[PDB]
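Listed next as structure tokens is one chain, alone, in the form deposited in one PDB entry.
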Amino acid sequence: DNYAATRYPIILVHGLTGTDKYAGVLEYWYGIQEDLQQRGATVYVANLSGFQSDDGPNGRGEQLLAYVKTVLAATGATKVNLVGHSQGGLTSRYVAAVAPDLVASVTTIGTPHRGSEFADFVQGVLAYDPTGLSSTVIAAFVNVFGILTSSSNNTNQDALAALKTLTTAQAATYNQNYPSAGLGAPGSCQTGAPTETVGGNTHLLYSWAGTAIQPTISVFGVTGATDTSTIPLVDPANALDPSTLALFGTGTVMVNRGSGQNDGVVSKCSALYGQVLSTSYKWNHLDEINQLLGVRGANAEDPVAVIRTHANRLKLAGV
């Protein structure tokens, strides 16, 4: 049918470690492009640096702008609907900010608009090496991982830049450099407006967040969490998808760094942007993109259906 048939093409934009297809085999947006296309949507999947800042000449933002232009040329369209996961949402904001005439909407899924306490943590861990050699060694490993897994073996990988970009202090600077009507006041845990208009260009702004990881007990200055996406302990998702327990682990570090409810690496407050459709999904960070390989806990909503319904929402909104 045409349930997901939007006026403007939808460009799905990946975040950290990403590419359109890992090693040219595993779709980042698992089963999403096919689902949307089957429902009549025109969908393109960006392939940007998995590790980089969003701004800068070598950044993901310029890469996405360049890609948007090739999509407009190929389809004959004048604007696109940007849907970004995690850092992809920040990249989408960059394009909406520098080329408002080419964007009709920006939807962010689990995007760290205010940064990540987990990025703050990882950056701090690196600082404890007195020699600084681990920064060089680990960055090299990660950069190589990015080049090897990129579908096109993109050599533009800068793990340290990516890490810095996702920290809370740097995200605050990014927000000053690239403001948006969809963002509320820093430190307020509020969203902004549902739209932004610059000159004759209006952008429909949306967002949702996964809050599977909930702080549930505090003892001796230590906060314990619960992964609400799963049936306690026995959920097959803990067995079939290694990221389920991994994100519960990172999510625990998050709550102990004062993040509050989160998806494993992005807090609810950090994810707020534009019209906040929901922050109640019992999803971890990868459940948001139907990963790994479609496995999610028993209490987790269907992410394929959520994204599809949103394509229809965009259609109904006129974009």
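Note that residue numbering begins at 1 and tracks the sequence as displayed. Think of the rigid core as the biggest set of C-alphas that the two forms share within 1.5 Å after superposition. Residues that one form lacks are left out of the comparison.
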**Request:** Between 52-60 and 272-280, point out the one with the higher average CA B-factor as the PDB entry records it.
**Result:** 52-60
**Complete:** Looking only at C-alpha temperature factors in the entry, 160-168 or 129-137, the higher average sits in 129-137
**Message:** Per the entry's Cα B factor values, which of 223, 87, 190, 211 stands out as the maximum?
**Reply:** 223
**Item:** Top Cα B factor in the deposited entry, candidates 254, 66, 46, 26
**Value:** 26
**Complete:** Entry-reported C-alpha B-factor of residue 12 relative to its chain, by third, is lowest
**Message:** Among the modelled residues of this chain, does the Cα B factor of residue 91 put it in the lowest, middle or highest third?
**Reply:** lowest
**Item:** Assigned third (lowest, middle, highest) for the C-alpha B factor of residue 152
**Value:** highest
**Request:** Among all modelled residues of this chain, ranked by Cα B factor, put residue 261 in the bottom, middle or top third, i.e. lowest, middle or highest.
**Result:** middle
**Prompt:** By the record's CA B-factor, is residue 290 among the lowest, middle or highest third of residues in the chain?
**Reply:** middle
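In what follows, reference is made to the form deposited in another entry, a form of this protein that is not presented.
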**Message:** Superposing on the rigid core, I want to see if residue 298 changes position between this form and the one not shown - specifically a Cα shift of 2 Å or more.
**Reply:** no
**Did residue 18 shift 2 Å or more between this form and the one not shown, C-alpha, core superposed** = yes
**Message:** Flagged pair residue 307/residue 22: C-alpha distance shifts by 3 angstroms or more in the other entry. Which direction, closer or farther?
**Reply:** closer
**Fill in**
Output row for the residue 20-residue 153 CA distance, |change| of 3 angstroms or more in the other entry, reads closer
**Asked** Superposing on the rigid core, where do three or more consecutive Cα atoms all move 2 Å or more between this form and the one not shown?
**Response** 18-25
